[PDB]
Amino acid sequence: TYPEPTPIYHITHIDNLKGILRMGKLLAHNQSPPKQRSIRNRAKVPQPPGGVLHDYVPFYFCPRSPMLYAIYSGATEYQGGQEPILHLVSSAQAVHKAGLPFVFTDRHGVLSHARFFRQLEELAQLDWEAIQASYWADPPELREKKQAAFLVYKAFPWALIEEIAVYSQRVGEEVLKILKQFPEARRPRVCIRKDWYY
């Protein structure tokens, strides 16, 4: 079995929010998103619609990801830390109800041994205890499975985002200031969630 609804999470720097609201969508790497801050070109997707991982907008099935810990620890090229990083929240069911092409994996999608699925019933193939683990570093099988991904082909409409989660009051205020510049954009919930950060 699997959680229903099935939340999906995309992390991005706050400096990218204006470009997302202006476009009305997240764009996949290969669709040239007007990103301001960076925080897969040969990793083939074997389910339709195919292409490579950079053809999809990527989500995890958990907040507080290993990627976020690399950002927190200054391991990434980006050196601004976790506090300006938003979690944009949707659900796998909303994507499927919208008829958007998607695939998802049972583990880190860059792994040659990742399995890919295209039907929400196959969410049962994922390791939900690994996805939800707070102590995820070891063993390797667990860490790989924590990074199961939900991939939406080409573009992801802003209207499907139900919540922007933030680290702090100050970041929440900055998000509300940006949303107010786009009065016709859907206004999701804005929530401070320290338990989603390190």
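In this text, the rigid core denotes the largest set of C-alpha atoms whose superposition between the two forms falls within 1.5 Å. Numbers for residues come from their place in the sequence shown, where the first is 1.
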Checklist entry - Do you reckon 51-59 or 137-145 strays further from the shown form in 5 other deposited structures of this protein, measuring C-alpha RMS after a core fit? => result 137-145
Checklist entry - Which class describes the count of deposited residues lacking coordinates between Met67 and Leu68: none, 1 to 3, 4 to 9, or 10 or more? => result none
Checklist outcome for this item: Assert higher mean C-alpha B factor (54-62 or 131-139, deposited values) equals 131-139
Item to check | Higher-B stretch (mean Cα B-factor, as the entry records it), 187-195 or 1-9 | outcome: 1-9
Checklist entry - Of the options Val95, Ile85, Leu111, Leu88, which has the highest CA B factor as deposited? => result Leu111
Checklist outcome for this item: Note to self: of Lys154, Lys44, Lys145, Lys35, the C-alpha temperature factor tops out at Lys44
Checklist entry - Lowest, middle or highest third: where is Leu176 by Cα B-factor in its chain? => result highest
Next on the checklist: Ranking the modelled residues of this chain by C-alpha B-factor as given in the entry, is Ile39 in the lowest, middle or highest third?
Outcome noted: highest
Checklist entry - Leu100: which third of its chain by C-alpha temperature factor? => result middle
